[PDB]
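Quick setup: the structure tokens below cover two forms of a single protein chain, split into structure 1 and structure 2.
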Structure 1
């Protein structure tokens, strides 16, 4: 039945709406993974809609487009798998399979490197400390002071590693502060 498939899609839409209204600004790592888990399954459920329209077609024009669009999503899904596994070879990090970007941000906080997805990987990376909590490029990494800021962070993408040097860190309003991460060398493979 399509009625039960209608309810599944309604919960898929409802899940994101909750993630878009109540958990958008929130950057909890478990919550962020759940958002990435949802965005990953957005590719099979895009393919499932077109496969259902391809098999249970209305007209050959409608079914023919759904066959082409299922290949279009299928090609875009394999392009994610190709780019992520190529990224996974360089980094050996489980964040390489995030479905939003193929670039990783490595911040050495609390000793262990805190790898996070990075969207743009620009020349300058912004580090903001708020109430003693560091957030770099919209990733709430955790507790970190101005004096405890990582003196060097790296950004890893496919066939290129970008090392970033801490620039000028300015402390504002006590616990809060700001920092500058200008790229200084490129570790291209």
Structure 2
């Protein structure tokens, strides 16, 4: 039967699962988030198209349950993201990865990035004058760091983080940590 194009899709599985780590270039991260977002409705439409064209009755076996589940699990996450956007109008709340945001007050501007999980201690490494707090490339900085950053969820829980202690390594590199000190419920 058909073996070429179906095999070629397996090569994409090595493009993924190996390059999903991409957090160095911001453009790559944005393109990956966009790909993960626009792929959510595409996979639903194909399931419904397979379900409507009744063949061998398998379209009503698992092909109607699959589409229904992938729709009911999409609606809830979209409304949760809408709630997070309503709390903080940051436009990052519609990412398909997580519903926790991190705000970092750099020089004159505030940078918002998605956060996988909110914890008590957050690290910061400034290798060769290139700040990277939570694995996120935040730009170019030095040891002049901001002594207060913020983590925003949607169900209350505005967490304020304070600069613990910063050390300098090898001239221009460094390390620092932020520890939580205040919680404010919406």
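Numbering follows the first chain given and starts at 1. Take the two forms, superpose them, and find the largest set of C-alpha atoms that agree within 1.5 Å; that set is the rigid core.
Chemist: Could you check whether the CA atom of residue 63 moves 2 Å or more between structures 1 and 2, using the rigid core for the fit?
Modeler: Moves: yes, 2 Å or greater.
Chemist: Establish whether a shift of 2 Å or more occurs at the C-alpha of residue 139 between structures 1 and 2, with the two forms superposed on the rigid core.
Modeler: Shift of 2 Å or more: no.
Chemist: With the core lined up, does the C-alpha of residue 168 move 2 Å or more between structures 1 and 2?
Modeler: No, shifts by less than 2 Å.
Chemist: Would you look up how far the C-alpha of residue 159 moves between structures 1 and 2 when the rigid core is overlaid, in angstrom?
Modeler: On core superposition, this C-alpha lies 2.3 Å from its counterpart.
Chemist: What's the distance in angstrom the Cα of residue 43 travels between structures 1 and 2, core superposed?
Modeler: Spelling it out: core superposed, C-alpha of residue 43 shifted, distance 1.2 Å.
Chemist: Fit the two forms on their core, then tell me the C-alpha shift of residue 11 between structures 1 and 2 in angstrom.
Modeler: Taking the core as reference, the C-alpha of residue 11 is shifted 9.2 Å.
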